[PDB]
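Read the structure below first, then the notes.
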Amino acid sequence: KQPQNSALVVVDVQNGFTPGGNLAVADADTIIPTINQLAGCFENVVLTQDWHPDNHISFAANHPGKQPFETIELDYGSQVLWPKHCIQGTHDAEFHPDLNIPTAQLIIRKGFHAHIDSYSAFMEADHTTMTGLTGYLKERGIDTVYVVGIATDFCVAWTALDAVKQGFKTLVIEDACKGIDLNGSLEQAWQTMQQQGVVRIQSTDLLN
Amino acid sequence: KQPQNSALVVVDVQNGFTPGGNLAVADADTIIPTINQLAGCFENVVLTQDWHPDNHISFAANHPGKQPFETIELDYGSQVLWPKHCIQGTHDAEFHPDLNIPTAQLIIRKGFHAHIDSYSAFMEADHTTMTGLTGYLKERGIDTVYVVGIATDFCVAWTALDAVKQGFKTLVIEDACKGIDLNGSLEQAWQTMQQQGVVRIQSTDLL
Ligand SMILES: O=C(O)c1cccnc1
Ligand SMILES: O=C(O)c1cccnc1
Ligand SMILES: [Zn+2]
Ligand SMILES: [Zn+2]
């Protein structure tokens with residue numbers, strides 16, 4: 001069992017990002033059993049939820065003339081636009097029915113500001129609005145974060161990279177993640193994470 | 001329309017503490033519509049969930065020869081013993097079906113250490129284990145906390161009192177709360193809360 005100063009952060013294991021959902025990442029449901037097992041290795045487990053209002057600025061539907069998977073320039077920089085997904089209170093937003101972590105101690109929703117996305121569970125896309133997560137973990141005596149979930153190259157990568165920025169020892173458990181790979185995002189995410197000192201590990205490194 | 005520096009904390013609006021549940025507080029379902037309406041006044045809304053393992057020390061069932069509602073002495077002081085309630089993953093632990101706050105931004109579970117209760121969403125019964133809530137709220141720029149839910153004299157009172165300890169301006173919205181009143185606990189929880197400068201308001205004051 002991992003020590004009290006470690007937490008597992010389970011990123012967006014939601015209907016919306018799994019097969020059948022509005023932004024389904026192929027095979028993303030196959031990581032769930034590994035995640036359920038990993039969470040049993042940990043004393044401390046947080047789960048995140050993309051939690052968008054219908055009018056969110058990340059939906060291509062809210063920008064005249066723009067299509068899913070196009071990028072647009074916002075006050076805070078480049079924003080990829082998406083199909084509508086994980087809208088607050090909808091089926092798409094719920095956790096995947098295979099997810100089974102009764103010991104989870106926190107559920108932190110993100111992306112709820114209409115005008116600011118938040119792939120990261122730690123900081124919003126404006127690079128300035130802090131979500132509360134850093135404060136929560138530090139108060140609990142947590143100094144080490146392992147990140148799993150969906151998508152590797154968006155919410156997992158940005159959560160991991162913000163965890164580093166905020167002072168956490170950060171690791172990503174690769175086989176408990178699944179990626180989208182838009183215009184080469186997946187390899188770039190791995191390169192950036194590795195440059196910034198995120199440790200790339202496999203589930204077998206913890207379970208055995 | 002409350003400013004960004006204020007948050008509504010919704011305490012344990014769960015099947016377990018409402019009519020039908022394992023630790024049912026009479027009429028406690030009746031506060032839910034007011035709560036739903038109040039959440040609509042706030043930018044920032046946090047929900048709490050009592051979240052006990054089956055093994056939990058607060059259950060009478062785990063102390064042979066003790067009865068629900070009797071008090072025993074633990075390491076950290078007095079502990080009321082209860083019916084089994086709000087066990088992790090069970091129907092009893094779930095939010096009440098009438099609760100409707102899609103804008104809620106956090107759900108914090110408490111009471112999950114087998115050996116330590118946690119009526120308060122800020123600090124556990126041992127007076128020392130901090131739950132993370134203080135840091136989360138301070139990080140978000142929140143300095144004022146309004147508290148609603150169940151029970152007025154336990155999880156609501158302790159949450160409010162710990163919030164004061166931690167430096168928040170603290171209010172409790174009386175008609176959006178419901179109590180248990182064990183041996184005078186209700187009137188006393190109000191006394192203590194006011195002595196400590198918790199503001200007692202009514203939903204109509206906010207709405
Ligand atoms: O990585 C995610 O979970 C994600 C991807 C696209 C949009 N919103 C969230
Ligand atoms: O106030 C509460 O929610 C409460 C009351 C008794 C036991 N556990 C929690
Ligand atoms: Zn999103
Ligand atoms: Zn309890």
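Lettering and numbering for the structure tokens are positional, with chains as A, B, ... in the shown order, residues counted from 1 in each chain, and ligands counted from 1 in the shown order.
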Could you pull out all residues of chain A with a DSSP call of alpha helix (DSSP H) and give them as JSON, numbers by chain?
{"A": [32, 33, 34, 35, 36, 37, 38, 39, 133, 134, 135, 136, 137, 138, 139, 157, 158, 159, 160, 161, 162, 163, 164, 165, 185, 186, 187, 188, 189, 190, 191, 192, 193, 194, 195, 203, 204, 205, 206, 207]}
Excluding segment 53-64 of chain B and residues on its chain fewer than 4 positions from it, collect all residues at most 10 Å away from it, counting only C-alpha atoms, and give them as a PyMOL selection string.
(chain A and resi 102-103) or (chain B and resi 68-72+74+79-89+111-118)
Dump the neighbourhood of ligand 1 as a PyMOL selection string: all residues within 9 Å, distances computed on only C-alpha atoms and all ligand atoms.
chain A and resi 11-14+16-17+23+49-50+52+58-59+80-86+111+117-120+149-158+179-180
Mind dumping the selected residues with N, CA, C and O atoms as a compact mmCIF listing (two decimals), in the first residue's frame?
```txt
# COMPACT_ATOMS: atom_id res chain seq x y z
N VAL A 11 -8.34 10.83 -13.47
CA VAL A 11 -8.76 11.96 -14.39
C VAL A 11 -9.91 11.59 -15.37
O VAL A 11 -9.76 10.82 -16.33
N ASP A 12 -11.07 12.24 -15.19
CA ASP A 12 -12.12 12.16 -16.18
C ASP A 12 -12.52 10.75 -16.74
O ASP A 12 -12.63 10.57 -17.96
N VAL A 13 -12.71 9.73 -15.88
CA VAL A 13 -13.19 8.45 -16.33
C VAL A 13 -14.74 8.47 -16.46
O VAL A 13 -15.51 8.01 -15.62
N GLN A 14 -15.16 9.21 -17.49
CA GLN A 14 -16.55 9.65 -17.68
C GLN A 14 -17.17 9.06 -18.95
O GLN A 14 -16.48 8.68 -19.89
N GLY A 16 -18.46 10.43 -21.19
CA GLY A 16 -18.25 11.33 -22.34
C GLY A 16 -16.97 11.01 -23.13
O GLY A 16 -16.89 11.25 -24.34
N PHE A 17 -15.97 10.43 -22.44
CA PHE A 17 -14.66 10.21 -23.04
C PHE A 17 -14.40 8.73 -23.33
O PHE A 17 -13.34 8.40 -23.80
N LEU A 23 -17.49 12.35 -26.80
CA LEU A 23 -16.10 12.64 -27.22
C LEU A 23 -15.31 11.36 -26.90
O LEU A 23 -14.38 11.41 -26.16
N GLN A 49 -13.78 15.38 -12.69
CA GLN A 49 -14.88 15.33 -13.60
C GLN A 49 -14.92 16.61 -14.42
O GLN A 49 -14.96 17.65 -13.83
N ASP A 50 -14.79 16.49 -15.72
CA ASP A 50 -15.06 17.61 -16.64
C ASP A 50 -16.52 17.88 -16.37
O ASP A 50 -17.34 16.96 -16.33
N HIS A 52 -18.91 20.85 -17.61
CA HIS A 52 -19.11 22.02 -18.42
C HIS A 52 -20.59 22.53 -18.42
O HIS A 52 -21.53 21.74 -18.53
N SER A 58 -15.20 26.10 -24.67
CA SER A 58 -14.56 24.98 -25.39
C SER A 58 -15.42 24.23 -26.43
O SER A 58 -14.87 23.51 -27.22
N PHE A 59 -16.76 24.44 -26.51
CA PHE A 59 -17.57 23.74 -27.51
C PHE A 59 -17.60 24.48 -28.84
O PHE A 59 -17.95 25.68 -28.87
N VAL A 80 -8.38 24.47 -28.38
CA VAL A 80 -9.04 23.52 -29.24
C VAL A 80 -10.52 23.42 -28.99
O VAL A 80 -10.98 23.42 -27.83
N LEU A 81 -11.33 23.40 -30.06
CA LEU A 81 -12.76 23.28 -29.87
C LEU A 81 -13.28 21.85 -30.05
O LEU A 81 -12.81 21.09 -30.91
N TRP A 82 -14.27 21.48 -29.26
CA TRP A 82 -14.70 20.09 -29.13
C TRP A 82 -16.16 19.90 -29.45
O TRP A 82 -16.94 20.87 -29.42
N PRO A 83 -16.56 18.66 -29.72
CA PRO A 83 -17.99 18.36 -29.58
C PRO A 83 -18.46 18.72 -28.19
O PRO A 83 -17.67 18.76 -27.24
N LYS A 84 -19.75 19.00 -28.05
CA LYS A 84 -20.31 19.17 -26.73
C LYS A 84 -20.07 17.92 -25.92
O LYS A 84 -20.31 16.80 -26.40
N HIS A 85 -19.63 18.11 -24.68
CA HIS A 85 -19.32 16.91 -23.88
C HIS A 85 -19.38 17.20 -22.42
O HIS A 85 -19.02 18.29 -22.00
N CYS A 86 -19.71 16.15 -21.63
CA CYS A 86 -19.67 16.22 -20.16
C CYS A 86 -20.40 17.48 -19.65
O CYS A 86 -19.91 18.19 -18.77
N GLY A 111 -13.81 22.90 -15.32
CA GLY A 111 -14.23 23.36 -16.61
C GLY A 111 -15.58 24.00 -16.43
O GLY A 111 -16.30 24.16 -17.40
N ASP A 117 -11.68 27.07 -20.14
CA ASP A 117 -11.53 25.61 -20.04
C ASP A 117 -10.59 25.26 -18.89
O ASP A 117 -9.88 26.14 -18.35
N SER A 118 -10.54 23.96 -18.57
CA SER A 118 -9.68 23.47 -17.52
C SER A 118 -9.41 21.96 -17.72
O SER A 118 -10.02 21.14 -17.02
N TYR A 119 -8.63 21.60 -18.73
CA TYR A 119 -8.13 20.20 -18.82
C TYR A 119 -7.47 19.75 -17.51
O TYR A 119 -7.66 18.63 -17.07
N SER A 120 -6.67 20.63 -16.91
CA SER A 120 -5.98 20.34 -15.65
C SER A 120 -6.87 20.38 -14.42
O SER A 120 -7.65 21.29 -14.25
N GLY A 149 -6.04 7.99 -16.19
CA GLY A 149 -7.29 8.45 -16.86
C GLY A 149 -7.25 8.89 -18.28
O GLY A 149 -6.54 8.36 -19.14
N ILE A 150 -8.06 9.95 -18.58
CA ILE A 150 -8.36 10.18 -19.97
C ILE A 150 -8.52 11.70 -20.14
O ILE A 150 -9.01 12.29 -19.22
N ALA A 151 -8.00 12.30 -21.18
CA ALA A 151 -7.08 11.76 -22.16
C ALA A 151 -5.61 12.03 -21.77
O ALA A 151 -5.27 13.12 -21.25
N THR A 152 -4.74 11.04 -22.06
CA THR A 152 -3.30 11.15 -21.80
C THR A 152 -2.69 12.46 -22.13
O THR A 152 -1.97 13.05 -21.31
N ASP A 153 -3.04 12.93 -23.33
CA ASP A 153 -2.44 14.14 -23.94
C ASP A 153 -3.17 15.46 -23.71
O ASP A 153 -2.67 16.53 -24.08
N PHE A 154 -4.26 15.38 -22.98
CA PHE A 154 -4.95 16.60 -22.55
C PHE A 154 -5.12 16.70 -21.04
O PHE A 154 -4.28 17.33 -20.41
N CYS A 155 -6.15 16.12 -20.43
CA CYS A 155 -6.40 16.35 -19.07
C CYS A 155 -5.37 15.63 -18.20
O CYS A 155 -5.02 16.12 -17.14
N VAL A 156 -4.91 14.51 -18.68
CA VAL A 156 -3.87 13.83 -17.87
C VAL A 156 -2.58 14.60 -17.94
O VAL A 156 -1.98 14.92 -16.89
N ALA A 157 -2.13 14.95 -19.15
CA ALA A 157 -0.89 15.68 -19.31
C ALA A 157 -0.89 17.03 -18.62
O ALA A 157 -0.01 17.36 -17.92
N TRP A 158 -1.95 17.82 -18.79
CA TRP A 158 -1.95 19.09 -18.14
C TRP A 158 -2.05 19.06 -16.59
O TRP A 158 -1.45 19.90 -15.93
N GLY A 179 -5.10 8.00 -24.83
CA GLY A 179 -4.97 9.24 -25.60
C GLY A 179 -5.81 9.41 -26.85
O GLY A 179 -6.32 8.45 -27.43
N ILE A 180 -5.92 10.68 -27.27
CA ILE A 180 -6.60 11.08 -28.50
C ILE A 180 -5.69 11.27 -29.71
O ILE A 180 -6.04 10.85 -30.83
```
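Minimum distance to chain A across B:141, B:65, B:184, B:149 (counting only C-alpha atoms) occurs at B:141.
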Against chain A, which residues of chain B fall within 7 Å? For each one I want the closest pair of atoms and the distance in Å (one decimal), counting only C-alpha atoms, rows by chain and increasing residue number, as a Markdown table.
```
| residue | atom | partner | partner_atom | distance |
| --- | --- | --- | --- | --- |
| B:88 | CA | A:102 | CA | 5.7 |
| B:89 | CA | A:102 | CA | 5.3 |
| B:102 | CA | A:89 | CA | 5.3 |
| B:103 | CA | A:88 | CA | 6.9 |
| B:105 | CA | A:109 | CA | 5.2 |
| B:106 | CA | A:108 | CA | 4.8 |
| B:107 | CA | A:107 | CA | 5.1 |
| B:108 | CA | A:106 | CA | 4.9 |
| B:109 | CA | A:105 | CA | 5.1 |
| B:130 | CA | A:140 | CA | 6.5 |
| B:131 | CA | A:140 | CA | 6.4 |
| B:132 | CA | A:136 | CA | 4.0 |
| B:133 | CA | A:136 | CA | 6.1 |
| B:135 | CA | A:135 | CA | 4.3 |
| B:136 | CA | A:132 | CA | 4.0 |
| B:137 | CA | A:132 | CA | 6.4 |
| B:139 | CA | A:132 | CA | 5.1 |
| B:140 | CA | A:132 | CA | 5.5 |
```
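Between atom CA of residue 15 of chain A and atom CA of residue 98 of chain A there is a distance of 9.9 Å.
For the choices A:189, A:163, A:45, A:114, the atom-to-atom distance to ligand 3 is smallest for A:114 when using only C-alpha atoms and all ligand atoms.
For the choices A:67, A:4, A:34, A:78, the atom-to-atom distance to residue 202 of chain A is smallest for A:34 when using only C-alpha atoms.
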Kindly provide, as a ChimeraX atom specification, all nucleotide and amino acid residues lying within 7 Å of ligand 2, counting only C-alpha atoms and all ligand atoms.
/B:11-12,17,50,82,119,150-156
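When atom CA of residue 36 of chain B is paired with atom CA of residue 163 of chain B, their separation reads 22.2 Å.
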Residue neighbourhood residue 196 of chain B, 9 Å, only C-alpha atoms, exclusion window fewer than 3 positions, as an mmCIF file with N, CA and C atoms, in the first residue's frame:
```cif
data_model
loop_
_atom_site.group_PDB
_atom_site.id
_atom_site.type_symbol
_atom_site.label_atom_id
_atom_site.label_comp_id
_atom_site.auth_asym_id
_atom_site.auth_seq_id
_atom_site.Cartn_x
_atom_site.Cartn_y
_atom_site.Cartn_z
ATOM 1 N N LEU B 161 -18.481 25.784 13.141
ATOM 2 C CA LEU B 161 -17.619 26.142 14.214
ATOM 3 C C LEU B 161 -16.166 25.974 13.756
ATOM 4 N N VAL B 164 -15.236 28.964 11.481
ATOM 5 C CA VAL B 164 -14.832 30.087 12.330
ATOM 6 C C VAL B 164 -13.428 29.935 12.851
ATOM 7 N N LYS B 165 -13.088 28.745 13.330
ATOM 8 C CA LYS B 165 -11.748 28.497 13.824
ATOM 9 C C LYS B 165 -10.719 28.819 12.771
ATOM 10 N N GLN B 191 -26.457 27.981 20.713
ATOM 11 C CA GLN B 191 -25.776 28.842 21.672
ATOM 12 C C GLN B 191 -24.317 28.951 21.316
ATOM 13 N N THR B 192 -23.645 27.814 21.272
ATOM 14 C CA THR B 192 -22.270 27.824 20.978
ATOM 15 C C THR B 192 -21.933 28.485 19.664
ATOM 16 N N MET B 193 -22.703 28.188 18.620
ATOM 17 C CA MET B 193 -22.458 28.771 17.323
ATOM 18 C C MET B 193 -22.595 30.324 17.454
#
```
Counting only C-alpha atoms, figure out which residue out of B:162, B:190, B:175, B:66 gets nearest to residue 121 of chain B.
B:162
Quick one: pick out all strand (DSSP E) residues within segment 3-162 of chain A from a backbone DSSP run and write them as a ChimeraX atom specification.
/A:6-11,44-50,71-74,77-80,106-110,144-150
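Distances here use only C-alpha atoms; by that measure, the residue among B:129, B:170, B:67, B:183 closest to residue 199 of chain B is B:170.
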Could you list, as a PDB file with C-alpha atoms, in the first residue's frame, every residue within 10 Å of residue 26 of chain B, counting only C-alpha atoms and ignoring same-chain residues fewer than 2 positions away?
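The new file selection-v1.pdb reads:
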```pdb
ATOM      1  CA  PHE B  17     -30.158  11.260   7.213  1.00  0.00           C
ATOM      2  CA  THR B  18     -33.530  11.721   5.529  1.00  0.00           C
ATOM      3  CA  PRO B  19     -36.886   9.875   6.026  1.00  0.00           C
ATOM      4  CA  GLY B  20     -36.311   6.354   4.653  1.00  0.00           C
ATOM      5  CA  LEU B  23     -30.363   7.556  10.557  1.00  0.00           C
ATOM      6  CA  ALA B  24     -33.453   9.382   9.429  1.00  0.00           C
ATOM      7  CA  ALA B  28     -35.248  16.613   6.892  1.00  0.00           C
ATOM      8  CA  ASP B  29     -36.275  16.007   3.259  1.00  0.00           C
ATOM      9  CA  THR B  30     -38.373  19.139   3.575  1.00  0.00           C
ATOM     10  CA  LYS B 178     -32.704  20.147  10.201  1.00  0.00           C
ATOM     11  CA  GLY B 179     -31.693  18.797  13.615  1.00  0.00           C
ATOM     12  CA  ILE B 180     -31.665  15.652  15.699  1.00  0.00           C
TER      13      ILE B 180
END
```
Atom CA of residue 33 of chain A and atom CA of residue 186 of chain A are how many Å apart?
22.5 Å
Looking at only C-alpha atoms, which of B:9, B:123, B:157, B:47 is the one that sits closest to residue 187 of chain B?
B:157
